[PDB]
file target_23.cif (mmCIF, N, CA and C atoms)
data_work
loop_
_atom_site.group_PDB
_atom_site.id
_atom_site.type_symbol
_atom_site.label_atom_id
_atom_site.label_comp_id
_atom_site.auth_asym_id
_atom_site.auth_seq_id
_atom_site.Cartn_x
_atom_site.Cartn_y
_atom_site.Cartn_z
ATOM 1 N N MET A 1 -39.351 31.048 -7.035
ATOM 2 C CA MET A 1 -39.220 31.753 -5.740
ATOM 3 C C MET A 1 -39.246 30.759 -4.586
ATOM 4 N N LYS A 2 -38.330 30.940 -3.639
ATOM 5 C CA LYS A 2 -38.192 30.038 -2.501
ATOM 6 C C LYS A 2 -37.760 30.809 -1.268
ATOM 7 N N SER A 3 -37.253 30.072 -0.285
ATOM 8 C CA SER A 3 -36.648 30.658 0.900
ATOM 9 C C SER A 3 -35.590 31.678 0.504
ATOM 10 N N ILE A 4 -34.690 31.267 -0.380
ATOM 11 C CA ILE A 4 -33.717 32.188 -0.931
ATOM 12 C C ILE A 4 -34.365 32.905 -2.098
ATOM 13 N N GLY A 5 -35.094 32.126 -2.887
ATOM 14 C CA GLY A 5 -35.851 32.669 -3.990
ATOM 15 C C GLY A 5 -34.966 33.094 -5.133
ATOM 16 N N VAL A 6 -33.815 32.456 -5.241
ATOM 17 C CA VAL A 6 -32.883 32.770 -6.308
ATOM 18 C C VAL A 6 -32.596 31.534 -7.139
ATOM 19 N N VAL A 7 -32.680 31.699 -8.444
ATOM 20 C CA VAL A 7 -32.389 30.626 -9.369
ATOM 21 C C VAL A 7 -31.113 30.949 -10.129
ATOM 22 N N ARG A 8 -30.304 29.940 -10.362
ATOM 23 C CA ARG A 8 -29.021 30.135 -10.998
ATOM 24 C C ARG A 8 -28.997 29.464 -12.348
ATOM 25 N N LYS A 9 -28.046 29.864 -13.158
ATOM 26 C CA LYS A 9 -27.865 29.281 -14.466
ATOM 27 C C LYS A 9 -26.497 28.637 -14.518
ATOM 28 N N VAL A 10 -26.465 27.343 -14.792
ATOM 29 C CA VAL A 10 -25.209 26.632 -14.925
ATOM 30 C C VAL A 10 -24.347 27.315 -15.975
ATOM 31 N N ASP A 11 -23.075 27.473 -15.665
ATOM 32 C CA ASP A 11 -22.121 28.086 -16.579
ATOM 33 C C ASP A 11 -22.164 27.364 -17.919
ATOM 34 N N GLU A 12 -21.505 26.217 -17.964
ATOM 35 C CA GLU A 12 -21.570 25.300 -19.100
ATOM 36 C C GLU A 12 -21.259 23.905 -18.602
ATOM 37 N N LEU A 13 -20.372 23.866 -17.625
ATOM 38 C CA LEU A 13 -19.969 22.637 -16.967
ATOM 39 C C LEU A 13 -20.996 22.238 -15.918
ATOM 40 N N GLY A 14 -21.347 23.208 -15.090
ATOM 41 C CA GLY A 14 -22.219 22.967 -13.959
ATOM 42 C C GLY A 14 -21.940 23.954 -12.850
ATOM 43 N N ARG A 15 -20.896 24.755 -13.039
ATOM 44 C CA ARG A 15 -20.545 25.807 -12.094
ATOM 45 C C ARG A 15 -21.659 26.849 -12.017
ATOM 46 N N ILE A 16 -22.074 27.200 -10.804
ATOM 47 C CA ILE A 16 -23.055 28.267 -10.604
ATOM 48 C C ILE A 16 -22.626 29.109 -9.402
ATOM 49 N N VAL A 17 -23.390 30.137 -9.075
ATOM 50 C CA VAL A 17 -23.045 31.000 -7.957
ATOM 51 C C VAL A 17 -23.982 30.767 -6.780
ATOM 52 N N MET A 18 -23.434 30.241 -5.699
ATOM 53 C CA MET A 18 -24.219 30.042 -4.491
ATOM 54 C C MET A 18 -24.221 31.335 -3.690
ATOM 55 N N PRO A 19 -25.298 31.608 -2.949
ATOM 56 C CA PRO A 19 -25.463 32.887 -2.284
ATOM 57 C C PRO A 19 -24.693 32.997 -0.972
ATOM 58 N N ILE A 20 -24.444 34.234 -0.565
ATOM 59 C CA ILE A 20 -23.859 34.503 0.737
ATOM 60 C C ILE A 20 -24.727 33.885 1.828
ATOM 61 N N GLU A 21 -26.027 33.816 1.574
ATOM 62 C CA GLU A 21 -26.966 33.194 2.498
ATOM 63 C C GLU A 21 -26.626 31.721 2.702
ATOM 64 N N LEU A 22 -25.973 31.117 1.713
ATOM 65 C CA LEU A 22 -25.514 29.739 1.828
ATOM 66 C C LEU A 22 -24.255 29.711 2.670
ATOM 67 N N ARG A 23 -23.395 30.683 2.416
ATOM 68 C CA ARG A 23 -22.177 30.851 3.203
ATOM 69 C C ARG A 23 -22.514 31.134 4.663
ATOM 70 N N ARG A 24 -23.616 31.836 4.863
ATOM 71 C CA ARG A 24 -24.078 32.209 6.187
ATOM 72 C C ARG A 24 -24.781 31.036 6.836
ATOM 73 N N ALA A 25 -25.513 30.310 6.007
ATOM 74 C CA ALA A 25 -26.243 29.125 6.424
ATOM 75 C C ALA A 25 -25.301 28.130 7.059
ATOM 76 N N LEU A 26 -24.223 27.861 6.348
ATOM 77 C CA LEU A 26 -23.304 26.825 6.736
ATOM 78 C C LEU A 26 -22.162 27.362 7.591
ATOM 79 N N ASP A 27 -21.153 27.956 6.945
ATOM 80 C CA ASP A 27 -19.905 28.288 7.633
ATOM 81 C C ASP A 27 -18.880 28.901 6.677
ATOM 82 N N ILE A 28 -19.331 29.351 5.518
ATOM 83 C CA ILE A 28 -18.418 29.624 4.411
ATOM 84 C C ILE A 28 -17.891 31.047 4.457
ATOM 85 N N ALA A 29 -16.576 31.156 4.463
ATOM 86 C CA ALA A 29 -15.915 32.432 4.629
ATOM 87 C C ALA A 29 -15.427 33.021 3.309
ATOM 88 N N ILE A 30 -14.996 32.163 2.399
ATOM 89 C CA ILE A 30 -14.503 32.613 1.100
ATOM 90 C C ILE A 30 -14.407 31.420 0.150
ATOM 91 N N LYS A 31 -14.087 30.260 0.713
ATOM 92 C CA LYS A 31 -14.081 29.000 -0.019
ATOM 93 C C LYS A 31 -14.730 27.928 0.845
ATOM 94 N N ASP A 32 -14.256 27.858 2.087
ATOM 95 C CA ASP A 32 -14.680 26.868 3.077
ATOM 96 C C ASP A 32 -14.991 25.498 2.481
ATOM 97 N N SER A 33 -16.258 25.080 2.479
ATOM 98 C CA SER A 33 -16.634 23.759 1.960
ATOM 99 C C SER A 33 -18.143 23.666 1.754
ATOM 100 N N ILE A 34 -18.566 23.061 0.645
ATOM 101 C CA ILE A 34 -19.976 22.736 0.439
ATOM 102 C C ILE A 34 -20.097 21.390 -0.263
ATOM 103 N N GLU A 35 -20.515 20.374 0.466
ATOM 104 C CA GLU A 35 -20.690 19.050 -0.107
ATOM 105 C C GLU A 35 -22.165 18.779 -0.329
ATOM 106 N N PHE A 36 -22.491 18.158 -1.454
ATOM 107 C CA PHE A 36 -23.894 17.988 -1.816
ATOM 108 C C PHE A 36 -24.369 16.541 -1.668
ATOM 109 N N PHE A 37 -25.673 16.419 -1.465
ATOM 110 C CA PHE A 37 -26.369 15.148 -1.305
ATOM 111 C C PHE A 37 -27.561 15.154 -2.249
ATOM 112 N N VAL A 38 -27.689 14.155 -3.092
ATOM 113 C CA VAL A 38 -28.790 14.148 -4.040
ATOM 114 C C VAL A 38 -29.980 13.382 -3.465
ATOM 115 N N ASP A 39 -31.162 13.943 -3.640
ATOM 116 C CA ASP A 39 -32.381 13.362 -3.091
ATOM 117 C C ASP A 39 -33.473 13.363 -4.148
ATOM 118 N N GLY A 40 -33.691 12.210 -4.764
ATOM 119 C CA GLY A 40 -34.676 12.108 -5.822
ATOM 120 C C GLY A 40 -34.263 12.890 -7.050
ATOM 121 N N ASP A 41 -34.668 14.148 -7.100
ATOM 122 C CA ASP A 41 -34.308 15.030 -8.199
ATOM 123 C C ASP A 41 -33.495 16.214 -7.695
ATOM 124 N N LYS A 42 -33.490 16.401 -6.386
ATOM 125 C CA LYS A 42 -32.966 17.617 -5.790
ATOM 126 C C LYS A 42 -31.540 17.414 -5.305
ATOM 127 N N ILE A 43 -30.900 18.514 -4.954
ATOM 128 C CA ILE A 43 -29.543 18.488 -4.453
ATOM 129 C C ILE A 43 -29.496 19.178 -3.090
ATOM 130 N N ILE A 44 -28.718 18.630 -2.177
ATOM 131 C CA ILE A 44 -28.668 19.120 -0.809
ATOM 132 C C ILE A 44 -27.264 19.593 -0.462
ATOM 133 N N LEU A 45 -27.109 20.883 -0.235
ATOM 134 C CA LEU A 45 -25.798 21.456 0.031
ATOM 135 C C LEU A 45 -25.588 21.706 1.513
ATOM 136 N N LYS A 46 -24.472 21.207 2.030
ATOM 137 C CA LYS A 46 -24.087 21.450 3.411
ATOM 138 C C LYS A 46 -22.575 21.394 3.560
ATOM 139 N N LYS A 47 -22.067 22.098 4.559
ATOM 140 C CA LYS A 47 -20.633 22.166 4.804
ATOM 141 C C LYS A 47 -20.111 20.787 5.191
ATOM 142 N N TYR A 48 -18.799 20.621 5.166
ATOM 143 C CA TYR A 48 -18.212 19.313 5.395
ATOM 144 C C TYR A 48 -18.010 19.080 6.884
ATOM 145 N N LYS A 49 -17.401 20.068 7.528
ATOM 146 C CA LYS A 49 -17.132 20.038 8.962
ATOM 147 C C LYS A 49 -18.374 19.665 9.788
ATOM 148 N N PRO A 50 -19.502 20.402 9.662
ATOM 149 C CA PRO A 50 -20.735 20.054 10.365
ATOM 150 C C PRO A 50 -21.366 18.785 9.799
ATOM 151 N N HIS A 51 -21.046 17.668 10.432
ATOM 152 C CA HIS A 51 -21.542 16.365 10.020
ATOM 153 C C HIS A 51 -23.060 16.288 10.158
ATOM 154 N N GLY A 52 -23.728 16.151 9.029
ATOM 155 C CA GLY A 52 -25.162 15.974 9.027
ATOM 156 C C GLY A 52 -25.526 14.633 8.446
ATOM 157 N N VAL A 53 -26.687 14.542 7.820
ATOM 158 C CA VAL A 53 -27.109 13.292 7.214
ATOM 159 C C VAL A 53 -26.286 13.007 5.961
ATOM 160 N N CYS A 54 -25.825 11.773 5.848
ATOM 161 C CA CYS A 54 -24.954 11.366 4.757
ATOM 162 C C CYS A 54 -25.229 9.910 4.408
ATOM 163 N N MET B 1 -18.494 12.991 2.622
ATOM 164 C CA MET B 1 -18.924 11.851 1.786
ATOM 165 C C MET B 1 -20.427 11.640 1.924
ATOM 166 N N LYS B 2 -21.139 11.813 0.817
ATOM 167 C CA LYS B 2 -22.593 11.687 0.792
ATOM 168 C C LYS B 2 -23.032 10.992 -0.491
ATOM 169 N N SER B 3 -24.307 11.149 -0.848
ATOM 170 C CA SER B 3 -24.853 10.583 -2.081
ATOM 171 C C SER B 3 -23.960 10.897 -3.277
ATOM 172 N N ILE B 4 -23.652 12.174 -3.456
ATOM 173 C CA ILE B 4 -22.745 12.583 -4.511
ATOM 174 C C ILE B 4 -21.319 12.483 -3.992
ATOM 175 N N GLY B 5 -21.174 12.761 -2.701
ATOM 176 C CA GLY B 5 -19.900 12.606 -2.032
ATOM 177 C C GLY B 5 -18.891 13.638 -2.464
ATOM 178 N N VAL B 6 -19.376 14.726 -3.033
ATOM 179 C CA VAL B 6 -18.489 15.758 -3.525
ATOM 180 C C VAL B 6 -18.681 17.059 -2.761
ATOM 181 N N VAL B 7 -17.560 17.615 -2.335
ATOM 182 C CA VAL B 7 -17.541 18.877 -1.626
ATOM 183 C C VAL B 7 -16.823 19.918 -2.470
ATOM 184 N N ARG B 8 -17.322 21.135 -2.444
ATOM 185 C CA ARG B 8 -16.772 22.199 -3.257
ATOM 186 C C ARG B 8 -16.191 23.283 -2.387
ATOM 187 N N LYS B 9 -15.404 24.135 -3.005
ATOM 188 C CA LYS B 9 -14.847 25.283 -2.335
ATOM 189 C C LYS B 9 -15.318 26.529 -3.057
ATOM 190 N N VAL B 10 -15.947 27.432 -2.320
ATOM 191 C CA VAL B 10 -16.418 28.681 -2.888
ATOM 192 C C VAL B 10 -15.260 29.425 -3.537
ATOM 193 N N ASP B 11 -15.534 30.048 -4.666
ATOM 194 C CA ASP B 11 -14.534 30.828 -5.372
ATOM 195 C C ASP B 11 -14.051 31.967 -4.484
ATOM 196 N N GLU B 12 -14.883 32.990 -4.345
ATOM 197 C CA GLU B 12 -14.631 34.082 -3.410
ATOM 198 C C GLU B 12 -15.965 34.659 -2.956
ATOM 199 N N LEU B 13 -16.834 34.889 -3.932
ATOM 200 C CA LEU B 13 -18.154 35.451 -3.683
ATOM 201 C C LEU B 13 -19.100 34.386 -3.139
ATOM 202 N N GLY B 14 -19.148 33.258 -3.831
ATOM 203 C CA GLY B 14 -20.070 32.195 -3.474
ATOM 204 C C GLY B 14 -20.193 31.161 -4.577
ATOM 205 N N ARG B 15 -19.552 31.435 -5.710
ATOM 206 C CA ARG B 15 -19.627 30.558 -6.875
ATOM 207 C C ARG B 15 -18.899 29.243 -6.612
ATOM 208 N N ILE B 16 -19.525 28.129 -6.986
ATOM 209 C CA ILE B 16 -18.889 26.816 -6.894
ATOM 210 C C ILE B 16 -19.278 25.989 -8.124
ATOM 211 N N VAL B 17 -18.788 24.762 -8.210
ATOM 212 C CA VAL B 17 -19.091 23.909 -9.349
ATOM 213 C C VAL B 17 -20.061 22.797 -8.954
ATOM 214 N N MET B 18 -21.277 22.874 -9.476
ATOM 215 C CA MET B 18 -22.264 21.832 -9.231
ATOM 216 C C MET B 18 -22.050 20.699 -10.226
ATOM 217 N N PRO B 19 -22.349 19.452 -9.835
ATOM 218 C CA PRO B 19 -21.992 18.291 -10.632
ATOM 219 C C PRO B 19 -22.951 18.022 -11.789
ATOM 220 N N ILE B 20 -22.444 17.305 -12.781
ATOM 221 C CA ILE B 20 -23.269 16.798 -13.867
ATOM 222 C C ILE B 20 -24.454 16.030 -13.296
ATOM 223 N N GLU B 21 -24.210 15.357 -12.181
ATOM 224 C CA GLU B 21 -25.229 14.591 -11.478
ATOM 225 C C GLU B 21 -26.374 15.487 -11.032
ATOM 226 N N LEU B 22 -26.084 16.769 -10.847
ATOM 227 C CA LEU B 22 -27.103 17.735 -10.479
ATOM 228 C C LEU B 22 -27.896 18.104 -11.715
ATOM 229 N N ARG B 23 -27.181 18.268 -12.823
ATOM 230 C CA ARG B 23 -27.839 18.544 -14.099
ATOM 231 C C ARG B 23 -28.712 17.358 -14.499
ATOM 232 N N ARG B 24 -28.280 16.173 -14.089
ATOM 233 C CA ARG B 24 -28.956 14.930 -14.428
ATOM 234 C C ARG B 24 -30.101 14.660 -13.473
ATOM 235 N N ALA B 25 -29.921 15.073 -12.227
ATOM 236 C CA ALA B 25 -30.936 14.871 -11.203
ATOM 237 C C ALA B 25 -32.149 15.706 -11.528
ATOM 238 N N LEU B 26 -31.878 16.948 -11.856
ATOM 239 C CA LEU B 26 -32.907 17.885 -12.223
ATOM 240 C C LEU B 26 -33.236 17.757 -13.702
ATOM 241 N N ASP B 27 -32.706 18.681 -14.489
ATOM 242 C CA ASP B 27 -32.917 18.705 -15.930
ATOM 243 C C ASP B 27 -32.161 19.878 -16.532
ATOM 244 N N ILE B 28 -30.883 19.958 -16.181
ATOM 245 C CA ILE B 28 -30.006 21.016 -16.665
ATOM 246 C C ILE B 28 -29.179 20.508 -17.839
ATOM 247 N N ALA B 29 -29.060 21.323 -18.874
ATOM 248 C CA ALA B 29 -28.311 20.924 -20.054
ATOM 249 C C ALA B 29 -26.972 21.637 -20.136
ATOM 250 N N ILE B 30 -26.998 22.954 -20.024
ATOM 251 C CA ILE B 30 -25.778 23.741 -20.143
ATOM 252 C C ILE B 30 -25.836 24.944 -19.211
ATOM 253 N N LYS B 31 -27.039 25.463 -19.004
ATOM 254 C CA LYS B 31 -27.279 26.538 -18.060
ATOM 255 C C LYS B 31 -28.556 26.240 -17.294
ATOM 256 N N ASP B 32 -29.598 25.933 -18.059
ATOM 257 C CA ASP B 32 -30.937 25.676 -17.541
ATOM 258 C C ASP B 32 -31.297 26.555 -16.340
ATOM 259 N N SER B 33 -31.573 25.958 -15.178
ATOM 260 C CA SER B 33 -31.956 26.729 -13.986
ATOM 261 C C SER B 33 -31.818 25.889 -12.715
ATOM 262 N N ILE B 34 -31.301 26.496 -11.645
ATOM 263 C CA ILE B 34 -31.248 25.841 -10.337
ATOM 264 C C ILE B 34 -31.594 26.846 -9.242
ATOM 265 N N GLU B 35 -32.749 26.678 -8.625
ATOM 266 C CA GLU B 35 -33.186 27.567 -7.557
ATOM 267 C C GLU B 35 -33.014 26.871 -6.214
ATOM 268 N N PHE B 36 -32.511 27.597 -5.223
ATOM 269 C CA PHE B 36 -32.203 26.982 -3.939
ATOM 270 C C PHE B 36 -33.152 27.431 -2.829
ATOM 271 N N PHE B 37 -33.326 26.535 -1.870
ATOM 272 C CA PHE B 37 -34.198 26.717 -0.717
ATOM 273 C C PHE B 37 -33.373 26.440 0.528
ATOM 274 N N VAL B 38 -33.276 27.393 1.431
ATOM 275 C CA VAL B 38 -32.456 27.187 2.612
ATOM 276 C C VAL B 38 -33.284 26.649 3.767
ATOM 277 N N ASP B 39 -32.758 25.616 4.404
ATOM 278 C CA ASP B 39 -33.466 24.912 5.463
ATOM 279 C C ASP B 39 -32.547 24.681 6.651
ATOM 280 N N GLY B 40 -32.728 25.490 7.688
ATOM 281 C CA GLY B 40 -31.924 25.369 8.887
ATOM 282 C C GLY B 40 -30.512 25.877 8.678
ATOM 283 N N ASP B 41 -29.639 24.989 8.229
ATOM 284 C CA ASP B 41 -28.261 25.351 7.920
ATOM 285 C C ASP B 41 -27.920 24.967 6.490
ATOM 286 N N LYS B 42 -28.816 24.241 5.842
ATOM 287 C CA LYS B 42 -28.500 23.618 4.570
ATOM 288 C C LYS B 42 -29.228 24.311 3.425
ATOM 289 N N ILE B 43 -28.830 23.970 2.216
ATOM 290 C CA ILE B 43 -29.388 24.569 1.017
ATOM 291 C C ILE B 43 -29.968 23.470 0.129
ATOM 292 N N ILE B 44 -31.093 23.752 -0.501
ATOM 293 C CA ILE B 44 -31.810 22.761 -1.288
ATOM 294 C C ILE B 44 -31.967 23.239 -2.727
ATOM 295 N N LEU B 45 -31.295 22.575 -3.645
ATOM 296 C CA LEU B 45 -31.273 23.004 -5.039
ATOM 297 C C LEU B 45 -32.223 22.181 -5.899
ATOM 298 N N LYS B 46 -33.028 22.865 -6.712
ATOM 299 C CA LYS B 46 -33.857 22.193 -7.702
ATOM 300 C C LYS B 46 -34.184 23.124 -8.867
ATOM 301 N N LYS B 47 -34.510 22.525 -10.005
ATOM 302 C CA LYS B 47 -34.803 23.265 -11.232
ATOM 303 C C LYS B 47 -36.041 24.147 -11.041
ATOM 304 N N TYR B 48 -36.118 25.232 -11.803
ATOM 305 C CA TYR B 48 -37.199 26.200 -11.660
ATOM 306 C C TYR B 48 -38.520 25.632 -12.171
ATOM 307 N N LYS B 49 -38.487 25.107 -13.399
ATOM 308 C CA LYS B 49 -39.672 24.548 -14.063
ATOM 309 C C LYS B 49 -40.485 23.614 -13.148
ATOM 310 N N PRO B 50 -39.892 22.513 -12.633
ATOM 311 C CA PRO B 50 -40.599 21.614 -11.721
ATOM 312 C C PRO B 50 -40.853 22.284 -10.377
ATOM 313 N N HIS B 51 -42.107 22.614 -10.104
ATOM 314 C CA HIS B 51 -42.433 23.353 -8.899
ATOM 315 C C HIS B 51 -42.600 22.409 -7.719
ATOM 316 N N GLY B 52 -41.529 22.251 -6.959
ATOM 317 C CA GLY B 52 -41.597 21.499 -5.727
ATOM 318 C C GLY B 52 -41.910 22.406 -4.560
ATOM 319 N N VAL B 53 -41.495 22.013 -3.365
ATOM 320 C CA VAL B 53 -41.740 22.821 -2.180
ATOM 321 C C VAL B 53 -41.042 24.179 -2.296
ATOM 322 N N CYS B 54 -41.752 25.226 -1.901
ATOM 323 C CA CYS B 54 -41.261 26.593 -2.018
ATOM 324 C C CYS B 54 -41.900 27.461 -0.938
#

call {"tool": "encode", "arguments": {"input": "target_23.cif", "output": "structure tokens"}}
result
Amino acid sequence: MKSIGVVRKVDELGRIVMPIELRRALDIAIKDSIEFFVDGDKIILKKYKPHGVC
Amino acid sequence: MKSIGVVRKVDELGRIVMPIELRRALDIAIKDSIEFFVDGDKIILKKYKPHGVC
């Protein structure tokens, strides 16, 4: 349980379902963009257009 | 372009493809578990078993 409190299960490759809350968080309309940043063990998802830490 | 440097496009609902590097960062084999935490505009993914910040 977290802020979103949702855990996903990798398909088989690594594909999972990100929440509308992620689409809402960033800017995602139907595909838009989500680029990830790895931190220690964790993964950081953010849209491409909004330049953040990289 | 970031640590992983990979950006995804949502399918339609919110599903995208997370990298092997995510399975490797955490501890995902084929499905395992990835729970996300939303922070400001961004999303924070980590395995369920290892209880980090929540």

call {"tool": "interface_residues", "arguments": {"input": "target_23.cif", "of": "chain B", "to": "chain A", "cutoff": "6 Å", "atoms": "only C-alpha atoms", "output": "VMD selection string"}}
result
chain B and resid 2 to 4 6 to 12 14 to 19 25 to 26 30 to 35 37 to 38 41 to 46 54

call {"tool": "write_last_selection", "arguments": {"input": "target_23.cif", "atoms": "N, CA and C atoms", "output": "CSV table (one decimal), in the coordinates of the input"}}
result
chain,number,residue,atom,x,y,z
B,2,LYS,N,-21.1,11.8,0.8
B,2,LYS,CA,-22.6,11.7,0.8
B,2,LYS,C,-23.0,11.0,-0.5
B,3,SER,N,-24.3,11.1,-0.8
B,3,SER,CA,-24.9,10.6,-2.1
B,3,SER,C,-24.0,10.9,-3.3
B,4,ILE,N,-23.7,12.2,-3.5
B,4,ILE,CA,-22.7,12.6,-4.5
B,4,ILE,C,-21.3,12.5,-4.0
B,6,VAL,N,-19.4,14.7,-3.0
B,6,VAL,CA,-18.5,15.8,-3.5
B,6,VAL,C,-18.7,17.1,-2.8
B,7,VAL,N,-17.6,17.6,-2.3
B,7,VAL,CA,-17.5,18.9,-1.6
B,7,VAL,C,-16.8,19.9,-2.5
B,8,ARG,N,-17.3,21.1,-2.4
B,8,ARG,CA,-16.8,22.2,-3.3
B,8,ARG,C,-16.2,23.3,-2.4
B,9,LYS,N,-15.4,24.1,-3.0
B,9,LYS,CA,-14.8,25.3,-2.3
B,9,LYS,C,-15.3,26.5,-3.1
B,10,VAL,N,-15.9,27.4,-2.3
B,10,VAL,CA,-16.4,28.7,-2.9
B,10,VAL,C,-15.3,29.4,-3.5
B,11,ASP,N,-15.5,30.0,-4.7
B,11,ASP,CA,-14.5,30.8,-5.4
B,11,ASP,C,-14.1,32.0,-4.5
B,12,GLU,N,-14.9,33.0,-4.3
B,12,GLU,CA,-14.6,34.1,-3.4
B,12,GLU,C,-16.0,34.7,-3.0
B,14,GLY,N,-19.1,33.3,-3.8
B,14,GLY,CA,-20.1,32.2,-3.5
B,14,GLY,C,-20.2,31.2,-4.6
B,15,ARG,N,-19.6,31.4,-5.7
B,15,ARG,CA,-19.6,30.6,-6.9
B,15,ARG,C,-18.9,29.2,-6.6
B,16,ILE,N,-19.5,28.1,-7.0
B,16,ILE,CA,-18.9,26.8,-6.9
B,16,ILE,C,-19.3,26.0,-8.1
B,17,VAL,N,-18.8,24.8,-8.2
B,17,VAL,CA,-19.1,23.9,-9.3
B,17,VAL,C,-20.1,22.8,-9.0
B,18,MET,N,-21.3,22.9,-9.5
B,18,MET,CA,-22.3,21.8,-9.2
B,18,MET,C,-22.0,20.7,-10.2
B,19,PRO,N,-22.3,19.5,-9.8
B,19,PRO,CA,-22.0,18.3,-10.6
B,19,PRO,C,-23.0,18.0,-11.8
B,25,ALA,N,-29.9,15.1,-12.2
B,25,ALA,CA,-30.9,14.9,-11.2
B,25,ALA,C,-32.1,15.7,-11.5
B,26,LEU,N,-31.9,16.9,-11.9
B,26,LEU,CA,-32.9,17.9,-12.2
B,26,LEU,C,-33.2,17.8,-13.7
B,30,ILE,N,-27.0,23.0,-20.0
B,30,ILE,CA,-25.8,23.7,-20.1
B,30,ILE,C,-25.8,24.9,-19.2
B,31,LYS,N,-27.0,25.5,-19.0
B,31,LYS,CA,-27.3,26.5,-18.1
B,31,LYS,C,-28.6,26.2,-17.3
B,32,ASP,N,-29.6,25.9,-18.1
B,32,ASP,CA,-30.9,25.7,-17.5
B,32,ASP,C,-31.3,26.6,-16.3
B,33,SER,N,-31.6,26.0,-15.2
B,33,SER,CA,-32.0,26.7,-14.0
B,33,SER,C,-31.8,25.9,-12.7
B,34,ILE,N,-31.3,26.5,-11.6
B,34,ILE,CA,-31.2,25.8,-10.3
B,34,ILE,C,-31.6,26.8,-9.2
B,35,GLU,N,-32.7,26.7,-8.6
B,35,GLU,CA,-33.2,27.6,-7.6
B,35,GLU,C,-33.0,26.9,-6.2
B,37,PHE,N,-33.3,26.5,-1.9
B,37,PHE,CA,-34.2,26.7,-0.7
B,37,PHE,C,-33.4,26.4,0.5
B,38,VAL,N,-33.3,27.4,1.4
B,38,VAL,CA,-32.5,27.2,2.6
B,38,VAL,C,-33.3,26.6,3.8
B,41,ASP,N,-29.6,25.0,8.2
B,41,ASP,CA,-28.3,25.4,7.9
B,41,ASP,C,-27.9,25.0,6.5
B,42,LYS,N,-28.8,24.2,5.8
B,42,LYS,CA,-28.5,23.6,4.6
B,42,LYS,C,-29.2,24.3,3.4
B,43,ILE,N,-28.8,24.0,2.2
B,43,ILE,CA,-29.4,24.6,1.0
B,43,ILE,C,-30.0,23.5,0.1
B,44,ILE,N,-31.1,23.8,-0.5
B,44,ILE,CA,-31.8,22.8,-1.3
B,44,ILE,C,-32.0,23.2,-2.7
B,45,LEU,N,-31.3,22.6,-3.6
B,45,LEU,CA,-31.3,23.0,-5.0
B,45,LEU,C,-32.2,22.2,-5.9
B,46,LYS,N,-33.0,22.9,-6.7
B,46,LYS,CA,-33.9,22.2,-7.7
B,46,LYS,C,-34.2,23.1,-8.9
B,54,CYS,N,-41.8,25.2,-1.9
B,54,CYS,CA,-41.3,26.6,-2.0
B,54,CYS,C,-41.9,27.5,-0.9

call {"tool": "select_by_dssp", "arguments": {"input": "target_23.cif", "residues": "chain A", "states": "alpha helix (DSSP H)", "output": "PyMOL selection string"}}
result
chain A and resi 20-25

call {"tool": "select_by_dssp", "arguments": {"input": "target_23.cif", "residues": "chain B", "states": "strand (DSSP E or B)", "output": "compact mmCIF listing (two decimals) with N, CA and C atoms, in the coordinates of the input"}}
result
# COMPACT_ATOMS: atom_id res chain seq x y z
N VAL B 6 -19.38 14.73 -3.03
CA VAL B 6 -18.49 15.76 -3.52
C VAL B 6 -18.68 17.06 -2.76
N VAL B 7 -17.56 17.61 -2.34
CA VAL B 7 -17.54 18.88 -1.63
C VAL B 7 -16.82 19.92 -2.47
N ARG B 8 -17.32 21.14 -2.44
CA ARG B 8 -16.77 22.20 -3.26
C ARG B 8 -16.19 23.28 -2.39
N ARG B 15 -19.55 31.44 -5.71
CA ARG B 15 -19.63 30.56 -6.88
C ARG B 15 -18.90 29.24 -6.61
N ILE B 16 -19.52 28.13 -6.99
CA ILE B 16 -18.89 26.82 -6.89
C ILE B 16 -19.28 25.99 -8.12
N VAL B 17 -18.79 24.76 -8.21
CA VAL B 17 -19.09 23.91 -9.35
C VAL B 17 -20.06 22.80 -8.95
N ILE B 34 -31.30 26.50 -11.64
CA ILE B 34 -31.25 25.84 -10.34
C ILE B 34 -31.59 26.85 -9.24
N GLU B 35 -32.75 26.68 -8.62
CA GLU B 35 -33.19 27.57 -7.56
C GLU B 35 -33.01 26.87 -6.21
N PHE B 36 -32.51 27.60 -5.22
CA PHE B 36 -32.20 26.98 -3.94
C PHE B 36 -33.15 27.43 -2.83
N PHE B 37 -33.33 26.54 -1.87
CA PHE B 37 -34.20 26.72 -0.72
C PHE B 37 -33.37 26.44 0.53
N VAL B 38 -33.28 27.39 1.43
CA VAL B 38 -32.46 27.19 2.61
C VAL B 38 -33.28 26.65 3.77
N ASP B 39 -32.76 25.62 4.40
CA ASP B 39 -33.47 24.91 5.46
C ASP B 39 -32.55 24.68 6.65
N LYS B 42 -28.82 24.24 5.84
CA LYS B 42 -28.50 23.62 4.57
C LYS B 42 -29.23 24.31 3.42
N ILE B 43 -28.83 23.97 2.22
CA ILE B 43 -29.39 24.57 1.02
C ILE B 43 -29.97 23.47 0.13
N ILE B 44 -31.09 23.75 -0.50
CA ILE B 44 -31.81 22.76 -1.29
C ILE B 44 -31.97 23.24 -2.73
N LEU B 45 -31.30 22.58 -3.64
CA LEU B 45 -31.27 23.00 -5.04
C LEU B 45 -32.22 22.18 -5.90
N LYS B 46 -33.03 22.86 -6.71
CA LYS B 46 -33.86 22.19 -7.70
C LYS B 46 -34.18 23.12 -8.87
